[PDB]
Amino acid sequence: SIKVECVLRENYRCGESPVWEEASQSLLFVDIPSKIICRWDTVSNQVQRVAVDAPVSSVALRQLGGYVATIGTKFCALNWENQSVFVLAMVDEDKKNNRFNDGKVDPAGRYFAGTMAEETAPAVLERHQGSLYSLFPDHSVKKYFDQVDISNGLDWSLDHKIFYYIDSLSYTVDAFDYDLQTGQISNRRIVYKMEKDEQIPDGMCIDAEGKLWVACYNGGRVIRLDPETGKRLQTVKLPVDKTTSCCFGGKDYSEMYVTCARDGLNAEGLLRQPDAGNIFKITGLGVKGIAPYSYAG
């Protein structure tokens, strides 16, 4: 029996980048325009926040300790004890109004993250201004490809030979051959085409059977896809339309956490979606995900 439950009611403006930290039994995430990195201890049920000085679009675990995040167009390191945040590297220095969007750590500890032009409204922005980058463990930055509208959801196959990637405004999930030892990619192809009512593909995670779960922004749902066949396997709807991302968490990665937004909703929309901006948990899916990788620098 699938169960969808609103488990944290903090009314974020745009919750994003959920990441499960098993060591602390906490959910890490960001609220982008609110310029906070959040850590929700699911045991004490208490949320701690680190304020930052620009929109923060993603957060990831740092292997050596603490966290890393994408703030503005900067990869940054966070020490939680002192709330110290410092720049590791900067990208898009020749772009006037870009920011990072979604990011995630690859199986070799590289922090992949892509950028976008800054929006004036959801999906209203200068086109093709972003690029996909990765921050290597030695703190150097690799630039992969440009002409990205809105860099979004991403993950890697379990055999670590394929990289899955969403540019939201292409309305497709794409795949690349990916080399674990070097972090190179190539041979880009479409592996799923979004249907009209699935709206905008946003965040994404892989499950333990190699299927992809995609949060559908404006679509009020997550969908499960088979990248090998190009077919949707499952849909699970939520009572909020602006579902932004998803990850697996809890014991044995058997629960799914879903972030969502209230930004962009009109007065009627807010009333119809009282839990807009909150964190949801989905149980009873019948698959487990995998642990996130930690950044190795």
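Residues carry their position along the shown sequence, with the first being 1.
Per the PDB record, of the two stretches 249 to 257 and 50 to 58, 249 to 257 carries the greater mean B-factor over its C-alpha atoms. Look at the mean CA B-factor for 149 to 157 and for 86 to 94 in the entry; the higher one is 86 to 94. Looking at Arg99, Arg110, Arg189, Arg221, the one whose CA carries the top B-factor in the deposited record is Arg189. For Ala23, the recorded CA temperature factor ranks within the highest third of the chain's modelled residues. When the modelled residues of the chain are ordered by their C-alpha B factor, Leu225 lands in the middle third. In the deposited entry, the Cα temperature factor of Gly66 places it in the lowest third of its chain's modelled residues.
In the deposited entry, the Cα temperature factor of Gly15 sits in the bottom third of values across the chain's modelled residues.
Ranked by Cα temperature factor within the chain, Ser134 sits in the lowest third according to the deposited record.
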